[PDB]
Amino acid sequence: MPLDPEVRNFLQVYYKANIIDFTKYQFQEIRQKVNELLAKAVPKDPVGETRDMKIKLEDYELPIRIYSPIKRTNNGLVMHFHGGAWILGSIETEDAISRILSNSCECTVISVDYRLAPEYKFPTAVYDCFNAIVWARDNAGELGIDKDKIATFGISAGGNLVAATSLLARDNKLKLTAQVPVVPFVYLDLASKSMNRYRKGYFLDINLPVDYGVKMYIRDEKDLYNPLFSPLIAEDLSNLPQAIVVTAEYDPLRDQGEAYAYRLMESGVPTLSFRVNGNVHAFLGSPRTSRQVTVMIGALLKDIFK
């Protein structure tokens, strides 16, 4: 297929490496081996400061990392939820993204280590991320941020959590200035062209009807039509924050993401939606593209934070 040559070369090496197989490795070792892959993917830019800490929940201590930019020129805040199919990833795996995002936005970024499946099933991740937004708003003065300039950002499962959070934010009348789901999961899509054509041989390998990651995250089949799991099935998608939805051409989740963005437009929400061509899910195998997308998004957020 017509991919970027660097991405094509990455795919050859990735499949030859044989990281994911339950014949040799246990689940925990697969989690770690993929995390090491993701964490080395983009180079780390320097920032102003980095501070690790834990938010105290009634049953858990939720780790976060606060990024301060090299140059801070606004009082906005970006909540960053990492991807990894609800079962892997962390603050470390998308640390390089947070740094570039912070510098481009010229504002504070807070990355969240939400609890993962199979240990903690849906809806734990959604509520962990939402409680972290509520914590940031409650500590707005301490962080030096404006309460009405809080945005959310997330890749893949992180993009799912951005969409799910926005629905909770609306239920609870918590205002968010913006939402940035990048290559999000928003629905159990079985019918689209992107899903059927690129569900195998483009890093993000998905089995149908219900893939491995979803089975591990959800409790049972009734969760499939839950809007916090599948925000696309929501009856109402109006009065949600201004959105920047980003998709990739050879990503199985491409069409559901573009559908979500159209649904927002139709519901009255001001939305930018663009598709990155010649790239696979999450822009893997192309650190140049991954950087450029993050910088573009930062420029737009910075403009909203003005």
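Sequential numbering from 1, following the sequence displayed.
**Q** Averaging the C-alpha B factors as listed in the entry, name the stretch that ends up higher: 218-226 or 188-196.
**A** If you average the C-alpha B-factors of 218-226 and of 188-196, the larger mean comes out for 218-226.
**Q** Check the entry's C-alpha temperature factors for 78-86 and 139-147, then say which stretch has the higher mean.
**A** The stretch with the larger mean CA B-factor is 139-147.
**Q** Considering only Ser273, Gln26, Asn277, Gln256, which residue's Cα atom bears the greatest B-factor as recorded?
**A** Highest C-alpha B-factor among the listed options: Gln26.
**Q** Out of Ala261, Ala248, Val42, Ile66, whose C-alpha atom has the biggest B factor in the entry?
**A** Highest C-alpha B-factor among the listed options: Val42.
**Q** Quick one: classify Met1 as lowest, middle or highest third of the chain based on its Cα B-factor.
**A** Within its chain, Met1 is a highest-third residue by C-alpha B-factor, going by the deposited values.
**Q** Lowest, middle or highest third: where is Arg115 by C-alpha B factor in its chain?
**A** For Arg115, the deposited C-alpha B-factor lands in the middle third.
**Q** Would you mind checking where the Cα B-factor of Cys105 ranks among the modelled residues of its chain, as the lowest, middle or highest third?
**A** Highest third - that is where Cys105 ends up once the chain's C-alpha B-factors are sorted.
**Q** Considering every modelled residue of the chain and its Cα B-factor in the PDB entry, is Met296 in the lowest, middle or highest third?
**A** For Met296, the deposited C-alpha B-factor lands in the middle third.
**Q** Thinking about Cα B factors across the chain, which third does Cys129 belong to?
**A** It falls in the middle third of the chain.
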